[PDB]
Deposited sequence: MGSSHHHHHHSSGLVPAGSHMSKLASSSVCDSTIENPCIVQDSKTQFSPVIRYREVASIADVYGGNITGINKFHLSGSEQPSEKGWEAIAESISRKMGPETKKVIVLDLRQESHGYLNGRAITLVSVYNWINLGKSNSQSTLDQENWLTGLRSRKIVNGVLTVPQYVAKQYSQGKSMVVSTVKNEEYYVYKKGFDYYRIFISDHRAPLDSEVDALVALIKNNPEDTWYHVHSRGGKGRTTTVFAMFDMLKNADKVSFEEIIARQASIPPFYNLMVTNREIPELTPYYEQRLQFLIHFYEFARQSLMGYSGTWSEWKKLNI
């Protein structure tokens, strides 16, 4: 039985079933129809986001993207190990969902796939908790499930003809410099018409952070910091990156640091649109 430590992490089932719908799907361009302030540079984005989809959720997302259309890149923002059991999204959860905190991206991927390979070799997976059970610390009341399939996200992304690219952001936290560099390079290294579907575990904090980063990279020289953050918060689920006191108070330092990073990324983006040609890591060394 798990105990949410890194030594005995929990299998937590994020999808209620393999048919569960996507509840936090949205397209950034819709901000132009809801936000009452500066909407300059919004309505042309090829950018959607969501929480972690179920098997069926990927179908709905693919259909949504096709209706709004080039290349489609699914942007997985999750550092933590995750995958699918019988079409249901699952996560390997330690306290604050930081199972892979402090690891190289190579080790994070290795640990995830070693875990998924282990589950895949079993006929029965025990100790599968729902999110309510995990929150309630009912570590021994998990269910035993006959294994039909165990898959990583790539399996479902590849099946839709999309690319998969992972940015290893720790839950509740700002991206590390390596991952900022990687995101900026990805955007620069792909056509401007590329569609990105950004997702995290909950489609809230990390997803909205990256939405804001996209917005700044394109518009920081014609839209104020406050309006970029505000307009990103204007569409459901209305995630406001200005808020640093949230449901879990022990996480406030990380929300404050994440907003502080966004302040600096905004200036980096603005100066980049004005002539600066280096990377985020190079700019940060000279300016912070």
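Deposited-sequence ranges lacking C-alpha coordinates, in sequence order: Several stretches lack coordinates - namely 1-28, 98-101, in sequence order.
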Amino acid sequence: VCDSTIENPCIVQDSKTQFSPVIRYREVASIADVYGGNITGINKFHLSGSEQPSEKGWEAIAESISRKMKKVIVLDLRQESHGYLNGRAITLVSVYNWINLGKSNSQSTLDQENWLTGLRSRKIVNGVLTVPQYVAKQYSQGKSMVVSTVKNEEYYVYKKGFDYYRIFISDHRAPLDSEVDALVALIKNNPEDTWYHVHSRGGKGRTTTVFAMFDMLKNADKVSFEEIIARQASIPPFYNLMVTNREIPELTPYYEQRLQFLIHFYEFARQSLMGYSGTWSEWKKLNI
From here on, numbers count along this sequence of modelled residues.
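Tell me which of 189-197 and 107-115 has the higher mean C-alpha B-factor in the deposited entry. Mean C-alpha B-factor is greater for 189-197.
Once you work out the mean C-alpha B-factor for both 42-50 and 259-267 from the entry, which is higher? That would be 42-50.
In the PDB entry, which of 206, 82, 71, 160 has its C-alpha at the highest B-factor? The record points to 71.
At the C-alpha atoms, which of 61, 242, 251, 233 reaches the highest B-factor in this entry? When the deposited C-alpha B-factors of 61, 242, 251, 233 are compared, 251 is largest.
What third of the chain does residue 139 rank in for C-alpha temperature factor, lowest, middle or highest? Residue 139: CA B-factor falls in the highest third of its chain.
Would you mind checking where the Cα B-factor of residue 10 ranks among the modelled residues of its chain, as the lowest, middle or highest third? It belongs to the middle third of the chain when residues are ordered by C-alpha B-factor.
Within this chain, which third does the Cα B-factor at residue 127 fall in: lowest, middle or highest? Tercile = highest for this residue's CA B-factor.
Please place residue 98 in the lowest, middle or highest third of its chain according to the CA B-factor in the PDB entry. For residue 98, whose C-alpha B-factor we compare with every modelled residue in the chain, the answer is the lowest third.
Of the three thirds of its chain by CA temperature factor, lowest, middle or highest, which one includes residue 170? Lowest third, going by the recorded CA B-factors of the chain.
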